[PDB]
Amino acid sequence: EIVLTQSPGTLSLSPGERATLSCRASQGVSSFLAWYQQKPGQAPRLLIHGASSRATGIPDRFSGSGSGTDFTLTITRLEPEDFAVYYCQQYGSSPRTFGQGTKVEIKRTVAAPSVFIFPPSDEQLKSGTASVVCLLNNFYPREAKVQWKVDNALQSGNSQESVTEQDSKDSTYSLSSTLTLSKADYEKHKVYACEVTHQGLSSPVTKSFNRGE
């Protein structure tokens, strides 16, 4: 099978700027290459075929180049609706195969998150499980670090986090972190805290609560 390698894996640009996506092929596929655009939650959309032919209704700022093993897709003047994942797909041999993708994210100014910590409900405690939730709201860039502190001891390997997709309005991310414990291990500790490190913060920001309160 032709193995299709796409780079860069992710690409942060600003509306109006120029985008150059690359897709290299494990062996010759001549001109038999297509490019697709996929937005989150909906089906992919054909942009070009034959390495350089625009599909029907595809704006002209999209353009394809390459032959053999090295192909590139170029968006000339990035519009706010051109920010998605782009796949290449060879149809020269074997099974037809797709690249692994390239996320084209909008870059904007640094935005710091506002931090919220949520103690578990009495209803959930009855079930025997405690879930502490730390919320980081509307920030950029995406890379943030969350550190859980239980009675000021740094925790590790007992929490899971989840990021949103860029907000269409203000181009920001949000993030939640969920520390999970048994009712027992939860109830034997006093102060739960969440420490957030992010470029938009001069020094990390802690939100905390006392569980006996």
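Don't overthink the numbering: it's just position in the shown sequence, from 1.
The question of which stretch, 57-65 or 32-40, has the higher mean Cα B factor is settled in favour of 57-65. When the mean C-alpha temperature factors of 167-175 and 41-49 are read from the deposited coordinates, 167-175 comes out higher. When all modelled residues of the chain are sorted by CA temperature factor, residue 120 is found within the lowest third. The deposited CA B-factor of residue 24 belongs to the highest third of values across its chain.
Among all modelled residues in this chain, the alpha-carbon of residue 145 has a temperature factor (C-alpha) in the middle third. Ranked within its chain, residue 102 lands in the middle third, by CA B factor from the PDB record.
In the PDB entry, a CA B factor belonging to the lowest third of its chain's modelled residues is recorded for residue 162.
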